[PDB]
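This document opens with one chain alone, in structure tokens, the form deposited in one PDB entry.
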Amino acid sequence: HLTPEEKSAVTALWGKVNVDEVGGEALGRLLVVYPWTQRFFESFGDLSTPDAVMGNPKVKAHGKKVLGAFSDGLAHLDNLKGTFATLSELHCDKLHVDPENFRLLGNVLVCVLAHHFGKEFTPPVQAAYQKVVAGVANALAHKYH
């Protein structure tokens, strides 16, 4: 799990994150880098090219919301399971989303944080963020059955 110093490291970096942008950016790249994930967003429109995907308003809007839920989760690092319990049952029973996708979005998100913060996204900061995305992915997968 996260050590006190890691939590601090996660919280201080996140406090400087524009969740709206990063979420649109992260969801966008997920769809460009792993194109098969577009299977869940057929009703979003043009996704024929990277630029279409990235500038697609429906992608940006959805990304904002997802990372918004992810962001709230960062405030309850000690109970990620309970926090995402509702979103978990939803993605399983209604959305039918294979949890592996949560892991792919996590790594894409780690890549975006690195792209945005540059040298500030140090090796120890990444390590702490790898724990978070894995924790959230496991939390979102917990209610599957």
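Note that the rigid core is defined as the largest set of C-alphas that superpose within 1.5 Å between two forms. Residue numbers here begin at 1 and follow the sequence given.
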**Complete:** Comparing mean C-alpha B factor in the record for 104-112 and 87-95, the higher one is 87-95
**Request:** Between 77-85 and 115-123, name whichever shows the higher mean Cα B factor according to the PDB entry.
**Result:** 77-85
**Request:** Please place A52 in the lowest, middle or highest third of its chain by C-alpha B factor as given in the entry.
**Result:** highest
**Message:** Ranking the modelled residues of this chain by C-alpha B-factor as given in the entry, is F41 in the lowest, middle or highest third?
**Reply:** highest
**Asked** Once the chain's modelled residues are ordered by C-alpha B factor and cut into thirds, is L13 in the lowest, middle or highest one?
**Response** middle
**Item:** CA B-factor placement of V32, once the chain's modelled residues are sorted into thirds
**Value:** lowest
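Absent from the display: the form deposited in another entry. The rest refers to it.
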**Rigid-core-referenced C-alpha movement of 2 Å or more between this form and the one not shown, selected from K81, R103, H115, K58** = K81
**Item:** Core fit, then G45 C-alpha moves 2 Å or more between this form and the one not shown
**Value:** no
**Large Cα shift (2 Å or above) at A69 between this form and the one not shown, core-fitted** = yes
**Asked** Where do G82 and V10 end up in the other entry, Cα atoms closer or farther than shown, with a change of 3 Å or more?
**Response** closer
**Fill in**
Quick read on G82 and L113 CA atoms in the other entry, 3 Å or more from the shown distance, and they're closer
